[PDB]
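Chemist: Data file query_34.cif (mmCIF, C-alpha atoms (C1' of nucleotides)) is appended below.
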```cif
data_start
loop_
_atom_site.group_PDB
_atom_site.id
_atom_site.type_symbol
_atom_site.label_atom_id
_atom_site.label_comp_id
_atom_site.auth_asym_id
_atom_site.auth_seq_id
_atom_site.Cartn_x
_atom_site.Cartn_y
_atom_site.Cartn_z
ATOM 1 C CA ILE A 439 30.757 -85.115 157.054
ATOM 2 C CA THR A 440 34.131 -83.532 157.822
ATOM 3 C CA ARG A 441 32.732 -80.072 157.083
ATOM 4 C CA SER A 442 29.670 -79.974 159.337
ATOM 5 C CA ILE A 443 31.397 -81.338 162.440
ATOM 6 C CA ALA A 444 34.348 -79.094 161.578
ATOM 7 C CA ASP A 445 32.775 -76.103 163.329
ATOM 8 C CA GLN A 446 29.330 -76.759 164.818
ATOM 9 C CA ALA A 447 30.469 -79.680 166.972
ATOM 10 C CA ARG A 448 30.404 -78.320 170.524
ATOM 11 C CA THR A 449 27.390 -76.567 172.041
ATOM 12 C CA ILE A 450 29.321 -73.328 171.549
ATOM 13 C CA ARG A 451 31.107 -72.129 168.407
ATOM 14 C CA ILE A 452 34.782 -73.079 168.161
ATOM 15 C CA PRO A 453 37.541 -71.903 165.771
ATOM 16 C CA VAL A 454 39.239 -74.291 163.340
ATOM 17 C CA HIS A 455 42.934 -74.034 164.218
ATOM 18 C CA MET A 456 42.116 -73.980 167.936
ATOM 19 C CA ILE A 457 41.364 -77.703 167.734
ATOM 20 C CA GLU A 458 44.117 -78.387 165.201
ATOM 21 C CA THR A 459 46.762 -76.842 167.456
ATOM 22 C CA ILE A 460 46.190 -79.424 170.192
ATOM 23 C CA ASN A 461 47.066 -82.585 168.266
ATOM 24 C CA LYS A 462 49.882 -80.598 166.660
ATOM 25 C CA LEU A 463 51.832 -80.540 169.926
ATOM 26 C CA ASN A 464 50.832 -84.162 170.520
ATOM 27 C CA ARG A 465 52.596 -85.982 167.680
ATOM 28 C CA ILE A 466 55.831 -84.491 169.017
ATOM 29 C CA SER A 467 55.464 -84.972 172.774
ATOM 30 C CA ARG A 468 55.848 -88.747 172.492
ATOM 31 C CA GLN A 469 58.379 -88.198 169.707
ATOM 32 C CA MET A 470 60.928 -86.978 172.251
ATOM 33 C CA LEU A 471 59.701 -89.444 174.874
ATOM 34 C CA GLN A 472 60.363 -92.540 172.766
ATOM 35 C CA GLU A 473 63.955 -91.427 172.187
ATOM 36 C CA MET A 474 65.283 -89.554 175.218
ATOM 37 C CA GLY A 475 62.701 -90.747 177.736
ATOM 38 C CA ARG A 476 62.142 -87.393 179.420
ATOM 39 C CA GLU A 477 59.218 -84.964 179.260
ATOM 40 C CA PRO A 478 59.695 -82.223 176.626
ATOM 41 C CA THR A 479 60.182 -79.067 178.702
ATOM 42 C CA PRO A 480 58.683 -75.779 177.402
ATOM 43 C CA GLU A 481 62.116 -74.557 176.272
ATOM 44 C CA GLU A 482 63.169 -76.649 173.272
ATOM 45 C CA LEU A 483 59.686 -76.555 171.744
ATOM 46 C CA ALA A 484 59.675 -72.764 172.073
ATOM 47 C CA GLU A 485 62.283 -72.526 169.314
ATOM 48 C CA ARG A 486 60.476 -74.841 166.897
ATOM 49 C CA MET A 487 57.031 -73.302 167.383
ATOM 50 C CA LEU A 488 55.685 -69.780 166.883
ATOM 51 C CA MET A 489 54.481 -69.628 170.490
ATOM 52 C CA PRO A 490 56.605 -68.131 173.310
ATOM 53 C CA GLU A 491 55.782 -69.994 176.531
ATOM 54 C CA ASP A 492 53.511 -67.771 178.622
ATOM 55 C CA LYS A 493 50.568 -67.126 176.297
ATOM 56 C CA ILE A 494 50.571 -70.777 175.213
ATOM 57 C CA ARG A 495 49.429 -71.751 178.712
ATOM 58 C CA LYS A 496 46.314 -69.568 178.603
ATOM 59 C CA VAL A 497 45.335 -71.228 175.323
ATOM 60 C CA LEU A 498 44.653 -74.565 177.029
ATOM 61 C CA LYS A 499 42.194 -72.821 179.355
ATOM 62 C CA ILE A 500 39.960 -72.164 176.346
ATOM 63 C CA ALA A 501 39.940 -75.780 175.153
ATOM 64 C CA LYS A 502 37.277 -77.333 177.386
ATOM 65 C CA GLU A 503 33.694 -78.625 177.386
ATOM 66 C CA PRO A 504 33.392 -76.723 179.649
ATOM 67 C CA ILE A 505 30.772 -78.032 182.085
ATOM 68 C CA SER A 506 26.993 -78.284 182.483
ATOM 69 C CA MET A 507 24.843 -76.904 185.306
ATOM 70 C CA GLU A 508 22.193 -79.477 186.220
ATOM 71 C CA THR A 509 24.716 -81.884 187.745
ATOM 72 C CA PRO A 510 24.428 -83.388 191.265
ATOM 73 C CA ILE A 511 27.133 -82.332 193.729
ATOM 74 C CA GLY A 512 26.671 -83.588 197.283
ATOM 75 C CA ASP A 513 23.028 -83.523 198.351
ATOM 76 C CA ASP A 514 22.009 -85.181 195.078
ATOM 77 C CA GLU A 515 18.447 -84.003 195.707
ATOM 78 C CA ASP A 516 18.017 -80.259 195.194
ATOM 79 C CA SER A 517 21.639 -79.115 194.997
ATOM 80 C CA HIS A 518 22.762 -78.097 191.508
ATOM 81 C CA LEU A 519 26.022 -76.678 190.152
ATOM 82 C CA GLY A 520 24.211 -73.539 189.012
ATOM 83 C CA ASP A 521 22.560 -73.156 192.410
ATOM 84 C CA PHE A 522 25.629 -72.128 194.415
ATOM 85 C CA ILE A 523 26.711 -69.078 192.415
ATOM 86 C CA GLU A 524 25.764 -65.801 194.101
ATOM 87 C CA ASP A 525 24.199 -62.966 192.106
ATOM 88 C CA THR A 526 25.659 -59.472 191.725
ATOM 89 C "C1'" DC B 1 -3.222 -20.171 284.531
ATOM 90 C "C1'" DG B 2 0.293 -24.316 284.783
ATOM 91 C "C1'" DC B 3 1.852 -28.572 282.660
ATOM 92 C "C1'" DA B 4 4.150 -32.125 278.464
ATOM 93 C "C1'" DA B 5 7.933 -33.112 275.387
ATOM 94 C "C1'" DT B 6 9.968 -33.090 270.573
ATOM 95 C "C1'" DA B 7 11.902 -29.024 267.725
ATOM 96 C "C1'" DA B 8 13.131 -24.774 267.012
ATOM 97 C "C1'" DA B 9 15.186 -20.716 268.914
ATOM 98 C "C1'" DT B 10 18.464 -18.290 272.625
ATOM 99 C "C1'" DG B 11 22.228 -16.151 274.854
ATOM 100 C "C1'" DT B 12 27.024 -15.822 275.859
ATOM 101 C "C1'" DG B 13 31.486 -12.375 274.511
ATOM 102 C "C1'" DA B 14 36.756 -12.765 273.621
ATOM 103 C "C1'" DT B 15 39.144 -14.227 268.800
ATOM 104 C "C1'" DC B 16 39.952 -13.927 264.189
ATOM 105 C "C1'" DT B 17 38.799 -12.714 259.584
ATOM 106 C "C1'" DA B 18 35.613 -10.585 256.138
ATOM 107 C "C1'" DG B 19 34.319 -6.595 253.655
ATOM 108 C "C1'" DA B 20 34.463 -1.671 253.205
ATOM 109 C "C1'" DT B 21 36.188 3.054 252.888
ATOM 110 C "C1'" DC B 22 38.565 6.891 250.680
ATOM 111 C "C1'" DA B 23 42.100 10.517 246.340
ATOM 112 C "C1'" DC B 24 45.710 9.867 242.932
ATOM 113 C "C1'" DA B 25 49.284 7.401 240.148
ATOM 114 C "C1'" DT B 26 49.856 2.716 237.182
ATOM 115 C "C1'" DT B 27 48.413 -0.472 234.596
ATOM 116 C "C1'" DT B 28 44.408 -2.746 231.262
ATOM 117 C "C1'" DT B 29 40.946 -2.438 228.572
ATOM 118 C "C1'" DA B 30 37.972 -1.695 224.528
ATOM 119 C "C1'" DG B 31 37.287 -0.879 219.331
ATOM 120 C "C1'" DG B 32 39.396 1.710 216.029
ATOM 121 C "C1'" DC B 33 42.146 1.725 211.417
ATOM 122 C "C1'" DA B 34 45.753 0.034 207.379
ATOM 123 C "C1'" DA B 35 49.003 -3.621 206.156
ATOM 124 C "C1'" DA B 36 49.897 -8.471 205.266
ATOM 125 C "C1'" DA B 37 48.152 -12.752 204.191
ATOM 126 C "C1'" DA B 38 44.122 -15.454 202.070
ATOM 127 C "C1'" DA B 39 39.472 -16.405 199.510
ATOM 128 C "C1'" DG B 40 37.366 -16.800 195.134
ATOM 129 C "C1'" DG B 41 36.671 -13.535 191.794
ATOM 130 C "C1'" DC B 42 36.616 -13.029 186.653
ATOM 131 C "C1'" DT B 43 39.596 -11.997 183.093
ATOM 132 C "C1'" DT B 44 43.076 -13.494 179.095
ATOM 133 C "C1'" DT B 45 46.269 -17.095 176.991
ATOM 134 C "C1'" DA B 46 49.338 -21.965 177.241
ATOM 135 C "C1'" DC B 47 48.245 -26.547 175.860
ATOM 136 C "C1'" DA B 48 45.933 -31.644 175.670
ATOM 137 C "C1'" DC B 49 41.592 -34.354 175.239
ATOM 138 C "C1'" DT B 50 39.815 -38.314 172.969
ATOM 139 C "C1'" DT B 51 38.349 -38.775 168.630
ATOM 140 C "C1'" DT B 52 38.081 -40.476 164.057
ATOM 141 C "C1'" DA B 53 39.501 -40.442 158.563
ATOM 142 C "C1'" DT B 54 42.653 -43.047 156.995
ATOM 143 C "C1'" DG B 55 45.630 -46.453 154.707
ATOM 144 C "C1'" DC B 56 49.802 -48.896 154.946
ATOM 145 C "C1'" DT B 57 52.276 -52.389 156.913
ATOM 146 C "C1'" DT B 58 53.661 -56.766 159.587
ATOM 147 C "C1'" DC B 59 52.107 -60.249 162.690
ATOM 148 C "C1'" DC B 60 48.729 -63.150 164.614
ATOM 149 C "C1'" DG B 61 44.592 -64.556 163.764
ATOM 150 C "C1'" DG B 62 40.853 -67.522 161.601
ATOM 151 C "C1'" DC B 63 39.033 -70.625 157.504
ATOM 152 C "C1'" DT B 64 39.136 -73.510 153.532
ATOM 153 C "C1'" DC B 65 40.765 -76.292 149.538
ATOM 154 C "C1'" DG B 66 42.920 -80.480 147.157
ATOM 155 C "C1'" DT B 67 46.131 -84.433 147.704
ATOM 156 C "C1'" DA B 68 47.891 -89.061 149.339
ATOM 157 C "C1'" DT B 69 46.684 -93.145 151.542
ATOM 158 C "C1'" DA B 70 44.707 -97.938 152.557
ATOM 159 C "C1'" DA B 71 40.341 -100.162 152.631
ATOM 160 C "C1'" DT B 72 35.100 -102.055 150.817
ATOM 161 C "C1'" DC B 73 38.092 -107.164 156.709
ATOM 162 C "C1'" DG B 74 40.240 -110.221 161.381
ATOM 163 C "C1'" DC B 75 40.993 -113.600 167.812
ATOM 164 C "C1'" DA B 76 41.542 -114.400 173.178
ATOM 165 C "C1'" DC B 77 41.056 -112.394 177.370
ATOM 166 C "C1'" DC B 78 39.259 -110.083 181.471
ATOM 167 C "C1'" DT B 79 35.062 -110.692 185.572
ATOM 168 C "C1'" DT B 80 28.589 -110.657 187.149
ATOM 169 C "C1'" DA B 81 24.528 -111.939 187.156
ATOM 170 C "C1'" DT B 82 19.051 -104.638 190.159
ATOM 171 C "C1'" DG B 83 14.418 -104.263 193.236
ATOM 172 C "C1'" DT B 84 9.391 -104.838 193.384
ATOM 173 C "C1'" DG B 85 4.342 -104.197 193.043
ATOM 174 C "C1'" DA B 86 0.694 -101.668 190.668
ATOM 175 C "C1'" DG B 87 -1.573 -100.366 186.363
ATOM 176 C "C1'" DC B 88 -2.386 -101.320 181.620
ATOM 177 C "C1'" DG B 89 -3.129 -103.166 176.711
ATOM 178 C "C1'" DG B 90 -2.890 -107.179 174.040
ATOM 179 C "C1'" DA B 91 -2.970 -112.291 172.956
ATOM 180 C "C1'" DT B 92 -5.035 -116.789 174.166
ATOM 181 C "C1'" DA B 93 -8.126 -120.335 176.235
ATOM 182 C "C1'" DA B 94 -12.734 -121.592 178.000
ATOM 183 C "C1'" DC B 95 -17.482 -120.640 177.592
ATOM 184 C "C1'" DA B 96 -22.671 -120.080 176.297
ATOM 185 C "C1'" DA B 97 -25.641 -119.074 172.422
ATOM 186 C "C1'" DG B 98 -27.117 -120.074 167.609
#
```
Would you encode the structure as structure tokens?

Modeler:
Amino acid sequence: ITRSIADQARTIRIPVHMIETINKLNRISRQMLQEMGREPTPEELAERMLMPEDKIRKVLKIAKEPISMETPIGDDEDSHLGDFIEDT
DNA sequence: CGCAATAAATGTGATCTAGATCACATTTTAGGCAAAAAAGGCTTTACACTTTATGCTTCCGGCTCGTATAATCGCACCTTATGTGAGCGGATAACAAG
């Protein structure tokens, strides 16, 4: 059961380490918060990890749902999320 | 031929320009022909294009395996309480026929 939901979980394919890299930076964020009491700035963790600081920000942009289309916005009658995007 | 009356036609003659002359010497004009500066011509050589075989290396990328671990279990507390009528099948009670 940990093999099937290990890849084909979301509606779209998702890598393995891409979801294992999130909780990796989690069990350390509160680790420095329970001691010092301040938010771990992207400077001290840049020396303990293999990620610089710039490219690591674009990684979070990938980790999403992202979002459906047939979802009410304002009119809640005929207006849909995928009905406001112009065509090229 | 004499008479009517709105338009067109008439004279004046001194003043002041407008338009024309002449023969010869000066000044302008036209197209002409090379030279210089420019257009594309049609060569022959200097270099530069991505492409694609390849294989070797380090770094970032993407995927799994087994292991170690405890469990196969437990309260008290916070705040609400959809709307209806119309259409439908099923279960139950009252009824006439045998």

Chemist: Care to translate the PyMOL selection byres ((chain B) within 12 of (chain A)) into actual residues of this file, as a PyMOL selection string?

Modeler: chain B and resi 59-65

Chemist: Which residues are close to region 505-512 of chain A, i.e. within 12 Å by all atoms listed in the file, leaving aside same-chain residues fewer than 4 positions away? Reply as a PyMOL selection string.

Modeler: chain A and resi 448-450+501+516-523

Chemist: Write the residues of the selection above to a file with C-alpha atoms, as a PDB file, in the frame of the given file.

Modeler:
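Now in part-v8.pdb:
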```pdb
ATOM      1  CA  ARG A 448      30.404 -78.320 170.524  1.00  0.00           C
ATOM      2  CA  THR A 449      27.390 -76.567 172.041  1.00  0.00           C
ATOM      3  CA  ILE A 450      29.321 -73.328 171.549  1.00  0.00           C
ATOM      4  CA  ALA A 501      39.940 -75.780 175.153  1.00  0.00           C
ATOM      5  CA  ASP A 516      18.017 -80.259 195.194  1.00  0.00           C
ATOM      6  CA  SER A 517      21.639 -79.115 194.997  1.00  0.00           C
ATOM      7  CA  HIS A 518      22.762 -78.097 191.508  1.00  0.00           C
ATOM      8  CA  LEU A 519      26.022 -76.678 190.152  1.00  0.00           C
ATOM      9  CA  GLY A 520      24.211 -73.539 189.012  1.00  0.00           C
ATOM     10  CA  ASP A 521      22.560 -73.156 192.410  1.00  0.00           C
ATOM     11  CA  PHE A 522      25.629 -72.128 194.415  1.00  0.00           C
ATOM     12  CA  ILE A 523      26.711 -69.078 192.415  1.00  0.00           C
TER      13      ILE A 523
END
```

Chemist: Work out how far apart CA of residue 480 (chain A) and CA of residue 504 (chain A) are and give it in Å to one decimal.

Modeler: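 Those two atoms sit 25.4 Å apart.
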
Chemist: One number please: CA of residue 444 (chain A) to CA of residue 457 (chain A), in Å, one decimal.

Modeler: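 We find that CA of residue 444 (chain A) and CA of residue 457 (chain A) lie 9.4 Å from each other.
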
Chemist: Put the listed atoms of region 80-95 of chain B in a box along x, y and z with 6 Å added on every side and give me the centre and edge lengths in Å to one decimal, as lines of an AutoDock Vina configuration file.

Modeler:
```
center_x = 5.6
center_y = -111.0
center_z = 183.2
size_x = 58.1
size_y = 33.2
size_z = 32.4
```

Chemist: Show which residues sit within 12 Å of residue 498 (chain A), as a compact mmCIF listing (two decimals) with C-alpha atoms, keeping the file's coordinate frame. Count only C-alpha atoms (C1' of nucleotides), and ignore same-chain residues fewer than 4 positions away.

Modeler:
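File produced: result_13.txt:
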```txt
# COMPACT_ATOMS: atom_id res chain seq x y z
CA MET A 456 42.12 -73.98 167.94
CA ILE A 457 41.36 -77.70 167.73
CA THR A 459 46.76 -76.84 167.46
CA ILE A 460 46.19 -79.42 170.19
CA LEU A 463 51.83 -80.54 169.93
CA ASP A 492 53.51 -67.77 178.62
CA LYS A 493 50.57 -67.13 176.30
CA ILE A 494 50.57 -70.78 175.21
CA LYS A 502 37.28 -77.33 177.39
CA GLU A 503 33.69 -78.62 177.39
CA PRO A 504 33.39 -76.72 179.65
```

Chemist: Can you save region 13-43 of chain B of the given block to a file, including N, CA, C and O atoms (P, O5', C5', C4', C3', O3' and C1' of nucleotides) and formatted as a CSV table (one decimal), in the first residue's frame?

Modeler:
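Final output, decode.csv:
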```csv
chain,number,residue,atom,x,y,z
B,13,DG,P,-10.0,117.3,-77.8
B,13,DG,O5',-9.1,118.6,-77.4
B,13,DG,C5',-8.9,118.9,-76.0
B,13,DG,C4',-7.9,117.9,-75.3
B,13,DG,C3',-6.6,117.7,-76.1
B,13,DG,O3',-5.5,118.2,-75.3
B,13,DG,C1',-7.4,115.7,-75.1
B,14,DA,P,-4.1,118.7,-75.9
B,14,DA,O5',-3.2,119.0,-74.6
B,14,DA,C5',-3.7,119.9,-73.6
B,14,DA,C4',-3.5,119.3,-72.2
B,14,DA,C3',-2.1,118.9,-71.9
B,14,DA,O3',-1.9,119.1,-70.4
B,14,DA,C1',-3.3,116.9,-71.9
B,15,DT,P,-0.4,119.0,-69.8
B,15,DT,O5',-0.6,117.8,-68.7
B,15,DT,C5',-0.9,116.5,-69.2
B,15,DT,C4',-0.8,115.5,-68.1
B,15,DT,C3',0.6,115.1,-67.6
B,15,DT,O3',0.6,114.6,-66.3
B,15,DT,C1',-0.4,113.3,-68.8
B,16,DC,P,2.0,114.2,-65.6
B,16,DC,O5',2.2,112.7,-66.0
B,16,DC,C5',1.3,111.7,-65.5
B,16,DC,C4',1.6,110.3,-66.0
B,16,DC,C3',3.1,109.9,-65.9
B,16,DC,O3',3.2,108.7,-65.2
B,16,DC,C1',2.2,109.5,-68.1
B,17,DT,P,4.7,108.1,-64.9
B,17,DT,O5',4.8,107.0,-66.0
B,17,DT,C5',4.5,105.7,-65.7
B,17,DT,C4',3.7,105.0,-66.9
B,17,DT,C3',4.3,103.6,-67.3
B,17,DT,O3',3.2,102.6,-67.1
B,17,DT,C1',3.8,105.0,-69.2
B,18,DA,P,3.6,101.1,-67.1
B,18,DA,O5',3.4,100.6,-68.6
B,18,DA,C5',2.2,100.6,-69.2
B,18,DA,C4',2.3,100.2,-70.7
B,18,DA,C3',3.1,99.0,-71.0
B,18,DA,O3',2.5,98.2,-71.9
B,18,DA,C1',3.9,100.8,-72.2
B,19,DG,P,2.9,96.7,-72.2
B,19,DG,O5',3.7,96.7,-73.5
B,19,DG,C5',3.0,97.0,-74.8
B,19,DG,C4',4.0,97.3,-75.9
B,19,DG,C3',5.1,96.3,-76.1
B,19,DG,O3',5.1,95.9,-77.5
B,19,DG,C1',6.0,98.5,-76.0
B,20,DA,P,6.0,94.7,-78.0
B,20,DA,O5',7.1,95.4,-78.9
B,20,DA,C5',6.7,95.9,-80.2
B,20,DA,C4',7.6,96.9,-80.8
B,20,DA,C3',9.1,96.5,-80.8
B,20,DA,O3',9.4,95.7,-81.9
B,20,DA,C1',8.9,98.7,-80.0
B,21,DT,P,10.8,95.0,-82.0
B,21,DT,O5',11.7,96.1,-82.7
B,21,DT,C5',11.5,96.5,-84.0
B,21,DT,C4',12.1,97.9,-84.3
B,21,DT,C3',13.6,97.9,-84.3
B,21,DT,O3',14.1,97.5,-85.6
B,21,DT,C1',12.8,99.7,-83.0
B,22,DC,P,14.5,96.0,-85.9
B,22,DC,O5',16.0,96.0,-86.3
B,22,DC,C5',16.5,96.8,-87.3
B,22,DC,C4',17.2,98.1,-86.8
B,22,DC,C3',18.7,97.8,-86.3
B,22,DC,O3',19.6,97.9,-87.4
B,22,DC,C1',17.5,99.1,-84.7
B,23,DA,P,20.0,96.6,-88.2
B,23,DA,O5',21.6,96.5,-88.0
B,23,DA,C5',22.4,97.6,-88.4
B,23,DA,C4',23.7,97.7,-87.6
B,23,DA,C3',24.6,96.4,-87.5
B,23,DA,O3',25.9,96.8,-87.4
B,23,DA,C1',23.8,96.9,-85.4
B,24,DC,P,27.1,95.6,-87.7
B,24,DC,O5',27.7,95.5,-86.2
B,24,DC,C5',28.3,96.7,-85.6
B,24,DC,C4',28.6,96.4,-84.1
B,24,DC,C3',29.5,95.3,-83.8
B,24,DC,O3',30.6,95.7,-83.0
B,24,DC,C1',27.5,95.2,-82.5
B,25,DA,P,31.8,94.8,-82.7
B,25,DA,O5',31.8,94.6,-81.1
B,25,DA,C5',31.9,95.8,-80.3
B,25,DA,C4',31.4,95.5,-78.8
B,25,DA,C3',32.2,94.5,-78.1
B,25,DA,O3',32.3,94.9,-76.7
B,25,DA,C1',30.0,93.8,-78.2
B,26,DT,P,33.3,94.1,-75.7
B,26,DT,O5',32.4,93.7,-74.5
B,26,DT,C5',31.2,93.0,-74.7
B,26,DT,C4',30.4,92.7,-73.5
B,26,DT,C3',31.0,91.7,-72.5
B,26,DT,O3',30.5,91.9,-71.2
B,26,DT,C1',29.1,90.8,-73.6
B,27,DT,P,31.0,90.9,-70.0
B,27,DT,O5',29.8,89.9,-69.9
B,27,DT,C5',28.5,90.3,-69.6
B,27,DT,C4',27.4,89.3,-69.9
B,27,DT,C3',27.6,88.0,-69.1
B,27,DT,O3',26.3,87.7,-68.4
B,27,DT,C1',27.4,87.5,-71.4
B,28,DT,P,26.2,86.6,-67.3
B,28,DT,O5',25.0,85.6,-67.9
B,28,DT,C5',25.2,85.1,-69.2
B,28,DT,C4',24.0,84.2,-69.6
B,28,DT,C3',23.9,82.9,-68.9
B,28,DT,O3',22.6,82.4,-68.8
B,28,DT,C1',24.5,82.6,-71.1
B,29,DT,P,22.2,81.0,-68.1
B,29,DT,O5',22.1,80.0,-69.4
B,29,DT,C5',21.0,80.2,-70.3
B,29,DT,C4',21.3,79.4,-71.6
B,29,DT,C3',21.5,77.9,-71.3
B,29,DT,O3',20.3,77.2,-71.3
B,29,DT,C1',23.1,78.8,-72.9
B,30,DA,P,20.2,75.8,-70.5
B,30,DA,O5',20.6,74.7,-71.7
B,30,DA,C5',19.8,74.6,-72.9
B,30,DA,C4',20.6,74.0,-74.0
B,30,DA,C3',21.2,72.6,-73.6
B,30,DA,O3',20.3,71.6,-73.9
B,30,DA,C1',22.8,74.0,-74.6
B,31,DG,P,20.4,70.2,-73.1
B,31,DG,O5',21.5,69.4,-73.9
B,31,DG,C5',21.3,69.2,-75.3
B,31,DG,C4',22.7,68.8,-75.9
B,31,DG,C3',23.2,67.4,-75.4
B,31,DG,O3',23.7,66.7,-76.6
B,31,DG,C1',24.8,69.1,-75.0
B,32,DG,P,24.2,65.2,-76.4
B,32,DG,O5',25.8,65.3,-76.4
B,32,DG,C5',26.5,65.7,-77.6
B,32,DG,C4',27.9,66.1,-77.4
B,32,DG,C3',28.7,65.1,-76.6
B,32,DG,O3',29.3,64.2,-77.6
B,32,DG,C1',29.1,67.2,-75.7
B,33,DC,P,29.6,62.7,-77.1
B,33,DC,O5',31.0,62.8,-76.3
B,33,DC,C5',32.2,63.4,-77.0
B,33,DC,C4',33.2,63.8,-76.0
B,33,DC,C3',33.9,62.7,-75.3
B,33,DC,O3',35.3,62.9,-75.1
B,33,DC,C1',33.0,64.1,-73.7
B,34,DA,P,36.3,61.7,-74.9
B,34,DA,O5',35.8,61.0,-73.5
B,34,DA,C5',36.6,60.1,-72.8
B,34,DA,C4',37.4,60.9,-71.8
B,34,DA,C3',37.9,60.0,-70.6
B,34,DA,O3',39.1,60.5,-70.1
B,34,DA,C1',36.4,61.7,-69.9
B,35,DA,P,40.0,59.7,-69.1
B,35,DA,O5',39.6,60.2,-67.6
B,35,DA,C5',40.0,61.5,-67.2
B,35,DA,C4',39.5,61.9,-65.8
B,35,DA,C3',39.6,60.8,-64.8
B,35,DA,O3',40.0,61.4,-63.6
B,35,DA,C1',37.4,61.4,-64.9
B,36,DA,P,40.5,60.4,-62.4
B,36,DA,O5',39.3,60.5,-61.3
B,36,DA,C5',39.0,61.7,-60.7
B,36,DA,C4',37.8,61.6,-59.8
B,36,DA,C3',37.7,60.4,-58.8
B,36,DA,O3',37.2,60.9,-57.6
B,36,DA,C1',35.8,60.4,-60.3
B,37,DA,P,37.1,59.9,-56.3
B,37,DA,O5',35.7,60.1,-55.8
B,37,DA,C5',34.7,60.9,-56.5
B,37,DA,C4',33.3,60.3,-56.5
B,37,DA,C3',33.1,59.2,-55.4
B,37,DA,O3',31.8,59.3,-54.9
B,37,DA,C1',32.7,58.2,-57.4
B,38,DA,P,31.3,58.5,-53.6
B,38,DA,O5',30.0,57.7,-54.1
B,38,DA,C5',30.2,56.8,-55.2
B,38,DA,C4',28.8,56.3,-55.7
B,38,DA,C3',28.3,55.1,-54.9
B,38,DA,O3',26.9,55.1,-55.1
B,38,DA,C1',29.1,54.4,-57.0
B,39,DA,P,26.0,54.1,-54.2
B,39,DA,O5',25.2,53.3,-55.4
B,39,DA,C5',25.9,52.7,-56.4
B,39,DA,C4',25.0,51.9,-57.3
B,39,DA,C3',24.4,50.6,-56.8
B,39,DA,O3',23.2,50.2,-57.5
B,39,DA,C1',26.1,50.1,-58.4
B,40,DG,P,22.5,48.8,-57.1
B,40,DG,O5',23.2,47.8,-58.2
B,40,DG,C5',23.0,46.4,-58.1
B,40,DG,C4',23.8,45.7,-59.1
B,40,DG,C3',23.9,44.2,-58.9
B,40,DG,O3',24.3,43.5,-60.1
B,40,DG,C1',26.0,45.2,-58.6
B,41,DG,P,24.3,41.9,-60.1
B,41,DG,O5',24.4,41.6,-61.7
B,41,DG,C5',25.1,42.4,-62.6
B,41,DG,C4',26.6,42.1,-62.6
B,41,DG,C3',27.0,40.7,-62.2
B,41,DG,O3',26.9,39.8,-63.3
B,41,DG,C1',28.5,42.3,-61.3
B,42,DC,P,26.8,38.2,-63.1
B,42,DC,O5',27.9,37.7,-64.2
B,42,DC,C5',29.2,38.2,-64.3
B,42,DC,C4',30.2,37.6,-63.4
B,42,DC,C3',29.8,36.2,-62.8
B,42,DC,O3',30.5,35.2,-63.6
B,42,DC,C1',30.8,37.7,-61.2
B,43,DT,P,32.0,34.8,-63.3
B,43,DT,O5',31.9,34.0,-61.9
B,43,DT,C5',32.9,33.2,-61.5
B,43,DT,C4',34.3,33.9,-61.3
B,43,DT,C3',35.2,33.4,-60.3
B,43,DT,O3',36.0,32.3,-60.8
B,43,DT,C1',35.0,35.7,-60.0
```
